[PDB]
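Undergrad: below you'll find the sequence and an experimental structure to go with it.
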Amino acid sequence: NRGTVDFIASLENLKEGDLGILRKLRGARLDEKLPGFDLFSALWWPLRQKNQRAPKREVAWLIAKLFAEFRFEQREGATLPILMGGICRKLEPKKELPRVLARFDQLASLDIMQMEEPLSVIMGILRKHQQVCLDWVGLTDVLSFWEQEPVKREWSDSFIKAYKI
Amino acid sequence: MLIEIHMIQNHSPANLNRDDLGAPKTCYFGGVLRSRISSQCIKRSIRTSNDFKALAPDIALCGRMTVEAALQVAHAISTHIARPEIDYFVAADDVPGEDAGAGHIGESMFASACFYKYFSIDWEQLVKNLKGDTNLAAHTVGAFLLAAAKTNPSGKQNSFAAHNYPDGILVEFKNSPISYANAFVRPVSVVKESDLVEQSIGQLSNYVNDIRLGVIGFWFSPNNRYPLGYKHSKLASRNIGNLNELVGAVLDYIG
Amino acid sequence: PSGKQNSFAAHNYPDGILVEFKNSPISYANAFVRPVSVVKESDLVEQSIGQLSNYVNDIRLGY
Amino acid sequence: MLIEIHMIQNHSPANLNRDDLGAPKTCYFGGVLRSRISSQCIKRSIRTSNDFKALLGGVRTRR
Amino acid sequence: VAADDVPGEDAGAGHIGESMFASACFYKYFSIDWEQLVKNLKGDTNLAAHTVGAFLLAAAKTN
Amino acid sequence: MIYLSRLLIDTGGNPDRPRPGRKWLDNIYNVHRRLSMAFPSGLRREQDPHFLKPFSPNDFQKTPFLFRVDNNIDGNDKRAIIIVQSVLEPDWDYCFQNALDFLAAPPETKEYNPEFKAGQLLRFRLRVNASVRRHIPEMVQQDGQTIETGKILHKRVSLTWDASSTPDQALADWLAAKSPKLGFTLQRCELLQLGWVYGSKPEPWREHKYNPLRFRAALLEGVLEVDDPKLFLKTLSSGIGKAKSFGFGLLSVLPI
Amino acid sequence: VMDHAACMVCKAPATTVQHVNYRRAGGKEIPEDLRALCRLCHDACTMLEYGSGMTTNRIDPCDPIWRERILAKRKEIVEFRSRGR
RNA sequence: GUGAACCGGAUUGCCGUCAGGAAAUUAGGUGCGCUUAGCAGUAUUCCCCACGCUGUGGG
Ligand SMILES: [Mg+2]
């Protein structure tokens, strides 16, 4: 989809200081700090004007902050419930595995403006296991499409089929 | 000529109708499981009520020993997939003993659903069994509107005080008896920017936007909370914000 | 309610009580059919009271 | 003559009611999950409230 | 900007980037338990006193 | 009983901070509009006393108002100066109640009154655009070679002088020639600002257009003598040159 | 045009426009719900409406209720932005 | 009016009651934004109204 791949490319082309000012902006909105809003305008407004399929404001802001925090490379076929879910096969099935499973289970019951913290702990579990690649494009178009039930359905049984291999 | 009343009513978590095993009554529609309130449940809830009790009225509306009553109701098919839930209760012994717990220690069943409720009246036969009392028939139709607007199934309500009111009533005077249950062959999926009742009323509006393309309609929402059709299109003849003026407009249309 | 109050001493008092006198019971839970989302201005009790007041006005101007 | 009480109460992080597995009671309302407090729990807390010792007059026992 | 010493091409640089820095007035806090230090060195009191003095010197004189 | 005050503009400080006053002064029409609104019609204050509506100049009233753009009261602070006068009471709390970033200090106003005598010395600063109405040969296209027609265009050419004349006594001779008509006589005056002044104008589905406003400003200073006191009261608050409403007519009433 | 290229909150020269409600959008826009705004205050308005749950009806610069914090916001866009695309 | 018409599954109920995630940890080593400039010694100043066409009512 156009408008999202170039968003991921521009996020990946961001330099270290820009990622730092995005990192400090994590945990709050963008109305209290200027350079966060200037950066969101610079990375959104021309790409919003150029394409009709630009992502929604808050999901784009969430993915920008999470990419600044974690910095995983973009790679096709590396979405969240595959990588976590293959991670969920190497744990103790009676105690630890239900706890990490509930950590991933929490994600299905948030709106878009508190969603970054359970995602942050999930991506921290990913970082603790040396995971370098994530389908950032896949994550953001399934996150912008969060209003429907079938998308969460295919999310979930993708986790299931990653678990049963 | 037929007066058709399609009511959308969102009920808070309760158990209005119970089957043999205590579950909420359940039907099957749109290729998914729906919550159901039986027709006779709504009939007896509307009947025997001081909200409605205030030749013989209410014998013609609901029959009693070849009356063929003018008013009949459809089973309340939910607009979405039914979500039945287990509630676990205990009843304390409230006398200090060496143990704890004394009651049934059982489980009850409950569900919350947005019901589409269909009502149909024939005017001519309602006049016919009223021996030509047109004014009495108009008054009893207004009484039906007043009651069914504010009467709920008096099921298990002491522990589940569900006294919600309908958020949308569509009254038409069309030719053939049609139910808009086919509007909700789609179960209502909830989005972040809209609620369940708004989406159900929108599905109804998008379905009455058809049929006419291939009659009139009075739309009632409390103080225009939910407008039938989020446009300026000729879909609802009169957007009405209050129930009393809705009943007045319907009565002055009839007579 | 005396749940896990020894570990969760949550004895907060209600910020709003409406005591109404009428011959027909009204459930205002339909005010909260749309979930309450937080915003930068105001709080959750203020937003919930605003939604409840909107529905109370709609019911009084309706039924 | 019906007396109607509608209260809005914000609670601290707590577990007032739990099911078999020790989870807070949840119900679906408006298509979304809502935290639930059972009516029997509220009735018991009202009957065993400090504003009810001079008024409590019933025992529900098997002993 | 890192500048290439050899002018074998047009007036480019080499490597360009951002370094980040800050200036601040810091409040530092240290706590030493005397009896735990005495117990941990198995009762060598002179060693504990020397450790405390050297820690006080090193906290001030080393950045 | 004339109305003389001071508006104070920063034009300094940190370059990284965007200063809207700096672009406010770098155009004629912006300061013209802002000082023109600074005498609002009385019915608007009764209607909207809070300056919170989309304005219209038809609702405003029209007066031959005038200002002066100067700068540099030193003492280790570079600062810019607006000196305004007109005939009606202005308001400064109404005018800059949302434009505190425009100024660098709150405005101040006192009562001032001018007096004149016969044969009395004065000290003055004026600003008059160098304007000489002339018939010119038209010169258009300029695509490699010149193209003219017999039509003589009418406009106001900026002042030019012969090659054997410096600008100084040329403008001194201009002021000497214009003195006995207006009602005074000088002995010498000093040129200290000859230059170009640029601006732009919007005008009425419609669009907006930019055209470079052009004025050959001439700001002078120093030692005035009068011939009659009665020939000066009609000069203040009206202007003596061209670009009258644009801020080119303030008589500096400093008798010394 | 009728705003004379002037801002509505600070009356600076205006260069852009802002929307009050999105009942009509995309291309269908009529000039009674649009506010002519300058560059330094359109950015402040967008900084304020992004996460206030403003839904459809955006910030109006034409009521006293929404104005008093707009100036407090516009205080600090001057303060921290690098002027240097 | 069609195995159909008339037609509730009714009410009685606290899951509750016990709990530190705990102890351990340098983000380091490398770095020139930089090369050009009168806010003004003039030759059309963008103009609407007006002088025998160089004064005159100002956008
Ligand atoms: Mg402004």
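TA: Yep, that arrived. Residues are numbered from 1 along each chain as shown, chains lettered A, B, ... in the order given.
Undergrad: phi and psi next, for residue 12.
TA: I'll assume chain A. Main-chain dihedrals, residue A:12, degrees, to the nearest 10: phi -70, psi -20.
Undergrad: for the residue nearest to it when sequence neighbours are not counted, give me its contacts.
TA: Nearest in space to residue A:12, with sequence neighbours left out and distances taken as CB to CB, 6 or more residues apart in numbering or on different chains, is residue A:74 at 6.4 Å. For every residue, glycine as well, the C-beta is placed using N, CA and C. By CB atoms under 8 Å, 6 or more residues apart in numbering or on different chains, the residues touching residue A:74 are A:8, A:12, A:133, A:134, A:135, A:136, A:137.
Undergrad: tell me which stretches of the chain form helices.
TA: Just going to use chain A. Remark: helices assigned in chain A by DSSP state H are A:5-12, A:16-24, A:34-50, A:57-70, A:80-86, A:96-105, A:116-128, A:136-144, A:149-164.
Undergrad: please refer instead to chain D.
TA: Counting by DSSP H, the helices of chain D are D:39-47.
Undergrad: find the closest residue to chain G in it.
TA: Per CB to the nearest CB, residue D:32 is where chain D lies closest to chain G, at 17.3 Å.
Undergrad: state the distance from that residue to chain F.
TA: 41 Å (CB to the nearest CB, to the nearest Å).
Undergrad: hey, what's that residue bridged with?
TA: Per DSSP bridges, the residues bridged to residue D:32 are residue D:29.
Undergrad: please report how far it lies from residue B:36.
TA: Here residue D:32 is placed at a distance of 22 Å from residue B:36 (CB to CB, to the nearest Å).
Undergrad: those two: who's more crowded?
TA: Legend: neighbour count by other CB atoms under 10 Å in any protein chain shown for residue D:32 and residue B:36, higher for residue B:36 (24 against 15).
Undergrad: what about the strands in chain G?
TA: If DSSP state E is used as the criterion, the strands of chain G fall at G:16-19, G:34-37.
Undergrad: ok, chain D next?
TA: Counting by DSSP E, the strands of chain D are D:2-8, D:26-29, D:32-35.
Undergrad: equivalent analysis for the stretch 51-200 of chain B, please.
TA: B:71-73, B:76-78, B:85-88, B:107-110, B:114-122, B:168-172 (DSSP state E, counting those that start in this stretch).
Undergrad: now tabulate the strands of chain D in a markdown table and tack on distance to residue F:79.
TA: Below are the strands of chain D laid out as a markdown table (distance: least, CB to CB, whole Å):
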| stretch | distance to residue F:79 |
| --- | --- |
| strand D:2-8 | 57 |
| strand D:26-29 | 65 |
| strand D:32-35 | 61 |
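Undergrad: return the most buried member of these.
TA: Highest mean neighbour count among the strands of chain D (mean count of other CB atoms under 10 Å in any protein chain shown): strand D:26-29, with a mean of 18.
Undergrad: ok, now which ones touch the residue of the stretch 1-150 of chain B at minimum distance from chain C?
TA: Nearest residue of the stretch 1-150 of chain B to chain C, counting by CB to the nearest CB: residue B:12, 4.4 Å away. By CB under 8 Å, 6+ apart, residue B:12 lies in contact with B:112, B:160, B:162, B:164, C:27, C:29, C:30, D:29.
Undergrad: list buried residues within these.
TA: B:112, B:160, B:162, B:164, C:27, C:29, C:30, D:29 (16 or more other CB atoms under 10 Å in any protein chain shown).
Undergrad: residues from chain G in reach of chain A?
TA: G:43, G:46-48, G:50-52, G:76-77, G:79-81, G:85 (CB under 8 Å from any CB of the partner chain).
Undergrad: picking that back up, which one of the buried ones among the contacts of residue B:12 sits closest to chain A?
TA: Closest to chain A, out of all of these and judged by CB to the nearest CB, is residue D:29, at 13.9 Å.
Undergrad: state the distance from that closest one to RNA strand H.
TA: Distance from residue D:29 to RNA strand H, counting by CB to the nearest atom of the strand, to the nearest Å: 18 Å.
Undergrad: partners of the closest residue in space to residue G:17 that isn't next to it in sequence in the sheet?
TA: The shortest distance from residue G:17 to any non-neighbouring residue, by CB to CB, 6+ apart, is to residue G:34 (5.2 Å). For residue G:34, the beta-bridge partners under DSSP bridges are residue G:19.
Undergrad: what of residue F:127?
TA: residue F:219.
Undergrad: quick check: it touching residue F:247?
TA: Yes. Residue F:127 sits in contact with residue F:247 when judged by CB atoms under 8 Å, with a separation of 7.3 Å.
Undergrad: what touches both of these two?
TA: Counting by CB under 8 Å, 6+ apart, the shared contacts of residue F:127 and residue F:247 are residue F:68.
Undergrad: what separation do you get for whichever residue of chain G sits closest to chain C and the ion?
TA: Residue nearest to chain C within chain G: residue G:53 (3.8 Å; CB to the nearest CB). Look at residue G:53 and the ion: by CB to the ion, to the nearest Å, they are 23 Å apart.
Undergrad: ok, now which ones touch that residue?
TA: So, once contact is read as CB under 8 Å, 6+ apart, residue G:53 ends up touching C:37, C:39, C:40.
Undergrad: now do the same contact list for residue B:229.
TA: By CB under 8 Å, 6+ apart, the contact list for residue B:229 reads B:205, B:209, B:235, B:236.
Undergrad: one more time with 10 Å
TA: B:201, B:202, B:204, B:205, B:206, B:208, B:209, B:219, B:235, B:236, B:239 (CB atoms under 10 Å, 6 or more residues apart in numbering or on different chains).
Undergrad: element containing the residue of the stretch 1-150 of chain B closest to chain C?
TA: Assessed by DSSP states H and E, residue B:12 sits outside every helix and strand.
Undergrad: tally up the residues packed near the closest residue to residue F:255 other than its chain neighbours, please.
TA: On the basis of CB to CB, 6+ apart, the spatially nearest residue to residue F:255 that is not a chain neighbour turns out to be residue F:122, at 5.3 Å. Using other CB under 10 Å, residue F:122 has 19 neighbouring residues.
Undergrad: the helix or strand hosting residue F:122 packs against which elements?
TA: Remark: residue F:122 resides in strand F:121-122, with elements defined by DSSP H and E. Contacts defined by 3 or more CB pairs under 10 Å, 6 or more residues apart in numbering or on different chains; DSSP states H and E place strand F:121-122 against strand F:224-225.
Undergrad: how about residues contacting the strand it packs on?
TA: F:119-126, F:179, F:184-187, F:189, F:232, F:251-252, F:254-255.
Undergrad: same check, this time on stretch D:37-53
TA: Residues from elsewhere that reach stretch D:37-53 (CB under 10 Å, 6+ apart): B:87-92, B:94, B:103, B:108, B:158-161, C:1-3, D:9, D:11, D:16-19, D:24-25, D:27, D:55-56, D:58, D:60.
Undergrad: kindly give a single ChimeraX line that selects the buried subset of those residues.
TA: Buried members of those, defined by 16+ other CB under 10 Å, are picked up in ChimeraX with:
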select /B:87,108,160 /C:1,3 /D:16,17,19,25,27
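Undergrad: burial of the residue in chain B that chain A sits nearest to, as a residue count?
TA: The nearest approach of chain B to chain A comes at residue B:191, 4.1 Å away (CB to the nearest CB). For residue B:191, the neighbour count with other CB under 10 Å is 15.
Undergrad: the residue nearest to residue F:255 contacts residue F:189, correct?
TA: No. At 11.7 Å, residue F:122 does not count as touching residue F:189 under the criterion of CB atoms under 10 Å.
Undergrad: common neighbours of those two, please.
TA: F:223, F:224.
Undergrad: any idea which residue of chain C lies closest to chain E?
TA: residue C:40 (28.1 Å).
Undergrad: whoops, chain G was the one
TA: For chain G, CB to the nearest CB, closest residue to chain E: residue G:82, 13.1 Å.
Undergrad: around that residue, how many other residues sit close by?
TA: Residue G:82: 10 neighbours (other CB under 10 Å).
Undergrad: can you pull the contacts of residue 53?
TA: No chain in the question, so chain A it is. With CB under 10 Å, 6+ apart, residue A:53 has these contacts: A:1, A:2, A:3, A:4, A:141, A:144.
Undergrad: my bad, chain C
TA: C:16, C:18, C:28, C:31.
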